[PDB]
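To keep things clear, I will list the structure first and then write my remarks on it.
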Ligand SMILES: Nc1ncnc2c1ncn2[C@@H]1O[C@H](COP(=O)(O)OP(=O)(O)O)[C@@H](O)[C@H]1O
Ligand SMILES: Nc1ncnc2c1ncn2[C@@H]1O[C@H](COP(=O)(O)OP(=O)(O)O)[C@@H](O)[C@H]1O
Ligand SMILES: [Mg+2]
Ligand SMILES: [Mg+2]
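Chains as they are written, first to last, in UniProt numbering: chain U, 8 to 376; chain C, 8 to 376; chain Z, 426 to 567; chain E, 115 to 171; chain X, 115 to 171.
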């Protein structure tokens, strides 16, 4: 029973090998107080982590140490590691092999130093970082297809056929989950509300969590909700106010399907995944279209499966069956697959024991994965 | 009941002595993976053979170990032997005499080492390689005539009269079947499509299989299909696309009838077979013209019989009857004849028992055949 | 799976009830126990079930060999000159490792069900890859 | 929650109705193609009989 | 009102889904019939072309 702990920027999720459900999951916020201490004897904590920190955002500043699949400001991410191991999952690492997760190709130096930091101080027995998509594939029991996890920090595609991780068509994209929230900030300024600070900026992803459904034929649905007041929806902040969101409701997620709104000049996800399809052989396209699997988070938006099916079948020749696999086990499929992989006995020989690292130097992760 | 297993580069076909139909036939591809392994626990097979290998060409490289009737890279051809005996036909060679096949004169060292490899490791009881054409002759029940098998790897003619294999006029030619496919690659680049890789290069012979009919008066038919759009044909790859082939349809096989396209400066097959006719006595031409038999593969192209008849009757004096024997049992006539030959009881004494090889040394095949 | 589990647990609860109608309240602490076990099984067309049962039956023989070895060990020790080969249990351990020890045989089925697209032939392909020649007790009939 | 469920049942009904309309549209196109393919087969049988009759003569 | 409105739309979803399945089952058999009609037309073209070549000879 080793361990499995996701790295992804949004929600550091911790659990045990084999178990079908992460034992503890919490947002990866790291907080610091932004005002002087006034009631002597508080015994203030000098930093806060996770849902404890999220509890009292009122006097807190929020640093996400994980942006775009790059681990920045390593001090706080180490703090998150420390809080995870001891408080959430509650075992010393000294007696548990550990496995982490990592986006396709983020930088070179990232793993090459992260293995060191988590392998020298925490003094873990053994570790092996596994690229996200291949793990996601395991999680669904399909050993052939294209993965689109789009974990909040980064979105990417891989072609995987008959269990081969065909590298060169890996098509990464930085259309992250958080940036939908950030754009929603700018679109919500227009209806007259304002969300300047950081705490409210955290709230808005929550308000995004429920009220963002992507709709087919964006033009017609847009003019539809413009003409009729049918879908005018309401919601309340933990303030007392109630906020009325109009067509922003379905103008949020469509930044995914076209980035012209956010500005980035890189085609929407459907065109990228079709691209990565068309950058393989003329025989692998027979099956690839059939096993398309969503994964990660940021795809729990209702409808996105169907809209995706429409766009692809329009793009691909209308002689293939594009039936896409979108189980509702999403947002965790990363972790399920990770646990299953840690459960494979043949997998035991793979990862790196302390001896190899000590006698070989840090590069062992890249050299042996 | 000994065995019969064809050697020919295209389709290694396996069956049993006496049976009128090969028990199992499969393309002779040998495959190796050309990408790293990504989903741990696949238990990857280190090499693949036959239609199993053809199944997943997507991540595979294809080596044909048999080119121009010469067996190269013997390691994989031995692999094909091994796969044949155990998986397709499914009997240990230890209890079955075995017969192979061989083009007219390919090299000297080929048989002299192939007998060794198949006779020392597989530990077969007895074997005897028989030149292709004489075997093709028995297959059709005509013991007099000229054979033009043109098995995909090599094309050749023999004169055989009253059951005598008249050697000196054997007129080999390396206008192989595969090279029609390879030229079709270059001719199909022009219509705007592209087939660079190896997998697509395998597909194209399939697309050749249906859409290549040879037509009389090549000039007039060419200008005909140029002026009118009558025969513009369609077909689809296992990709989704549909491809439109114009006059390339009937410009493919005519490389046989004249090699100026492929470049080789050796006359087309009709002139070679007429040549080999005119290099015998002035009394054997009476019958030879009458019993002309096609054989092997690469002659299932429709019309080729008739075009051949026209060319020969034009060349030969217009007082002979050139009625050519082209049964639709082609592409297997090799194997049918082989089985019949293995069925002949008087033939039992011919082939080589282990004693002779052990006490005589490898040359026994050449010395005694 | 649910049906199997509910039936088994039903059976064990009936065992509890049989204890209930036979309950006692005296000071009972030292017992001599009779156990009935399935016999060694060798016959035609034997699937998983037979493997399980045979493994169970032979582990008890492992227990026997070690036990008689212990007693004869001390007895011969009183007459101590030299022992042939300690731990008679090695004779069975040579196959116990093959059946159970991680990535042996039983472990391979555990791993194979988990692994995606469970196919019967791939199971035997993996076994042949992993424990042929490498394991001196895993061979093929004819 | 009832209002949210009512939106999901409306969306469900609307998307399945849209799929059913696309199936109906494709079904008529397949019937148009089916008539062409049958007419080509009948025409080829008629045209074969002309050539085959002349060939015997 | 919200639970009553949801009940109407899920009932409408169910009947339109039943029609959509009927259309799919009819569409798939018409697709097989179209493929069969194309194959007999293509085989009939080949039959016509072969006798047309044979007549000239
Ligand atoms: N109700 C919801 N609907 C849609 N998306 C959501 C909802 N709740 C959270 N999310 C998104 O899921 C994201 C988490 O995805 P991510 O962190 O990329 O994967 P992981 O948590 O496995 O690392 C959050 O950033 C958030 O934007
Ligand atoms: N439909 C087809 N029409 C014409 N030729 C074909 C067709 N299918 C396969 N062939 C040719 O037959 C060849 C096999 O011939 P060959 O290997 O020389 O004889 P053998 O298989 O007996 O050794 C293949 O290379 C292929 O080019
Ligand atoms: Mg996360
Ligand atoms: Mg062949």
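All C-beta atoms in this analysis are idealised placements derived from N, C-alpha and C, irrespective of residue type, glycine included.
**Study point:** Limits of the beta strand (DSSP E) - the one that residue 387 of chain C falls within
**Key:** Here chain C comprises residues numbered 8 to 376, so residue 387 of chain C is not present and cannot be evaluated.
Review point. Would DSSP call residue 295 of chain U helix, strand or coil?
Key: In the first chain, the residue the question calls residue 295 of chain U occupies position 288. Helix, per DSSP.
**Study point:** residue 535 of chain Z versus residue 562 of chain Z - alpha carbon distance
**Key:** Position 110 of the third chain, counted from the first residue, corresponds to residue 535 of chain Z. Position 137 of the third chain, counted from the first residue, corresponds to residue 562 of chain Z. Straight-line Cα distance between these residues: approximately 20 angstroms.
Check your understanding: Would DSSP call residue 166 of chain U helix, strand or coil?
Key -> Position 159 of the first chain, counting from 1, holds the residue named residue 166 of chain U. The answer is strand: DSSP assigns residue 166 of chain U an E or B state.
Check your understanding: For the region 473-490 of chain Z against the region 512-532 of chain Z, are there 3 or more C-beta pairs whose distance is under 8 angstroms?
Key -> Because the criterion of three Cβ pairs below 8 angstroms is met, the region 473-490 of chain Z and the region 512-532 of chain Z touch.
Review point. DSSP three-state call for residue 33 of chain C: helix, strand or coil?
Key: For this step, residue 33 of chain C is matched to residue 26 along the second chain. Here residue 33 of chain C sits in strand by DSSP.
**Study point:** residue 318 of chain C, DSSP secondary structure in three states
**Key:** For the purposes of this step, residue 318 of chain C is taken as residue 311 along the second chain, with counting starting at 1. Residue state, collapsed to three classes: helix.
Check your understanding: So, do the region 203-217 of chain C and the region 258-265 of chain U have three or more beta carbon pairs nearer to each other than 8 angstroms?
Key -> no
Review point. Between the beta-carbon of residue 160 of chain C and the beta-carbon of residue 298 of chain C, is there less than 8 angstroms?
Key: Taking the second chain and counting its residues from 1, one reaches residue 160 of chain C at position 153. Taking the second chain and counting its residues from 1, one reaches residue 298 of chain C at position 291. Result no, Cβ atoms of residue 160 of chain C and residue 298 of chain C do not sit closer than 8 angstroms.
Check your understanding: Within 8 angstroms (strictly less), CB to CB, does residue 313 of chain U reach chain E?
Key -> For the purposes of this step, residue 313 of chain U is taken as the residue at position 306 of the first chain. It does; some Cβ of chain E falls within 8 angstroms.
**Study point:** Any C-beta of chain Z under 8 angstroms from that of residue 149 of chain U
**Key:** The residue labelled residue 149 of chain U in the question sits at position 142 within the first chain. Answer yes: the Cβ-Cβ gap between residue 149 of chain U and chain Z drops below 8 angstroms somewhere.
Practice item. Determine, using beta carbons only, whether residue 171 of chain E comes closer than 8 angstroms to chain X. Key: Position 57 of the fourth chain holds residue 171 of chain E. Judged by the 8 angstroms Cβ criterion, residue 171 of chain E is not in contact with chain X.
Exercise for review: Compile a chain-ordered list of the residues in the region 279-293 of chain U whose CB is closer than 8 angstroms to at least one CB of chain C.
Suggested key: 287, 288, 289, 290, 291, 292, 293
Review point. If you follow the alpha helix (DSSP H) that residue 523 of chain Z is part of, which residue opens it and which one closes it?
Key: Numbered from its first residue, the third chain carries residue 523 of chain Z at position 98. Counting along the chain, the alpha helix (DSSP H) containing residue 523 of chain Z begins and ends at 515-525.
**Study point:** residue 350 of chain U at chain Z interface by Cβ criterion, 8 angstroms
**Key:** Along the first chain, read from residue 1 onward, the residue named residue 350 of chain U stands at position 343. By this cut-off, residue 350 of chain U is an interface position.
Check your understanding: Going by the C-beta, is residue 304 of chain C closer than 7 angstroms to any heavy atom of ligand 4?
Key -> Reading the second chain from its first residue, position 297 is the one you call residue 304 of chain C. Yes - ligand 4 has a heavy atom lying nearer than 7 angstroms to the Cβ of residue 304 of chain C.
**Study point:** Where residue 70 of chain C sits in the DSSP three-state scheme
**Key:** Reading the second chain from its first residue, position 63 is the one you call residue 70 of chain C. Strand.
Check your understanding: Is any beta-carbon of chain Z found at less than 8 angstroms from that of residue 343 of chain U?
Key -> Within the first chain, numbered from 1, the residue matching residue 343 of chain U stands at position 336. With 8 angstroms as the cut-off, residue 343 of chain U does not count as an interface residue toward chain Z.
Practice item. Report all residues from its chain with a CB closer than 8 angstroms to the CB of residue 317 of chain C; omit the five preceding and five following residues, and keep chain order. Key: Counting from one through the second chain, the residue named residue 317 of chain C turns up at place 310. Correct list, in chain order: 223.
Review point. For residue 60 of chain C versus residue 32 of chain C, is the C-beta spacing smaller than 8 angstroms?
Key: The residue you call residue 60 of chain C lines up with position 53 of the second chain. The residue you call residue 32 of chain C lines up with position 25 of the second chain. No; because the gap between Cβ atoms is not below 8 angstroms, this pair is not in contact.
Check your understanding: So the beta strand (DSSP E) residue 134 of chain C belongs to, where does it begin and stop?
Key -> Start at 1 with the first residue of the second chain, and residue 134 of chain C comes out as number 127. Note, residue 134 of chain C: beta strand (DSSP E), 133-138.
Point to revise | Contact set for residue 374 of chain C: own chain, Cβ-Cβ below 7 angstroms, skip 5 residues either direction | key: Taking the second chain and counting its residues from 1, the one referred to as residue 374 of chain C is at position 367. Same-chain partners within the cutoff: there are none.
Check your understanding: Can we say the region 97-105 of chain U touches the region 317-335 of chain U, given the rule of at least three CB pairs closer than 8 angstroms?
Key -> no
Check your understanding: Do we get a CB-CB distance below 8 angstroms when we pair residue 165 of chain E with the residues of chain U?
Key -> The count along the fourth chain starts at 1 and reaches residue 165 of chain E at position 51. No, residue 165 of chain E lies away from the interface with chain U (no Cβ there is under 8 angstroms from its Cβ).
Practice item. Name the two residues that bound the continuous beta strand (DSSP E) containing residue 242 of chain U. Key: As a first step, residue 242 of chain U must be located in the first chain, where it is residue number 235. Note, residue 242 of chain U: beta strand (DSSP E), 240-243.
**Study point:** Beta carbon of residue 169 of chain U nearer than 8 angstroms to that of residue 138 of chain U
**Key:** Along the first chain, one-based indexing puts residue 169 of chain U at 162. Along the first chain, one-based indexing puts residue 138 of chain U at 131. Pairing residue 169 of chain U with residue 138 of chain U gives a Cβ-Cβ distance that is not under 8 angstroms.
**Study point:** Proximal residues, the region 250-277 of chain U versus chain C, C-beta separation under 8 angstroms
**Key:** none
Check your understanding: Within 10 angstroms of its Cβ, does residue 499 of chain Z collect 16 or more other Cβ (buried), or is it exposed?
Key -> In the third chain, residue 499 of chain Z corresponds to position 74, counting from 1. So residue 499 of chain Z ends up on the exposed side.
Check your understanding: Can you name the residues of chain X whose CB is closer than 7 angstroms to the CB of residue 310 of chain C?
Key -> As a working mapping, residue 310 of chain C is identified with position 303 in the second chain. Near residue 310 of chain C (Cβ distances below 7 angstroms), the residues of chain X are 167.
**Study point:** For residue 131 of chain X, the three-state DSSP class (helix, strand or coil)
**Key:** Position 17 of the fifth chain holds residue 131 of chain X. Three-state result, residue 131 of chain X: helix.
Practice item. Quick one: list the residues of chain C neighbouring residue 550 of chain Z, beta-carbon separation under 7 angstroms, in chain order. Key: Taking the first residue of the third chain as position 1, residue 550 of chain Z is located at position 125. The answer, in chain order, is 50.
Exercise for review: My understanding is that residue 7 of chain U touches residue 300 of chain U, with C-beta atoms under 8 angstroms, so please give their C-beta distance in whole angstroms.
Suggested key: The requested residue 7 of chain U is not part of the displayed model; chain U covers only 8 to 376.
Point to revise | For residue 65 of chain U, three-class secondary structure by DSSP | key: Reading the first chain from its first residue, position 58 is the one you call residue 65 of chain U. Residue 65 of chain U sits in a helix when the DSSP states are folded into three classes.
Review point. Heavy atom of ligand 2 less than 7 angstroms from the Cβ of residue 338 of chain C, yes or no?
Key: Residue numbering aside, residue 338 of chain C sits at position 331 when the second chain is read from its first letter. Residue 338 of chain C Cβ: within cutoff of ligand 2.
Point to revise | beta strand (DSSP E) segment containing residue 153 of chain U, residue limits | key: Numbered from 1 along the first chain, position 146 holds the residue referred to as residue 153 of chain U. Its beta strand (DSSP E) spans residues 152-155.
Point to revise | Host alpha helix (DSSP H) of residue 443 of chain Z (start-end) | key: Here residue 443 of chain Z corresponds to residue number 18 of the third chain, with the count starting at 1. Counting along the chain, the alpha helix (DSSP H) containing residue 443 of chain Z begins and ends at 427-446.
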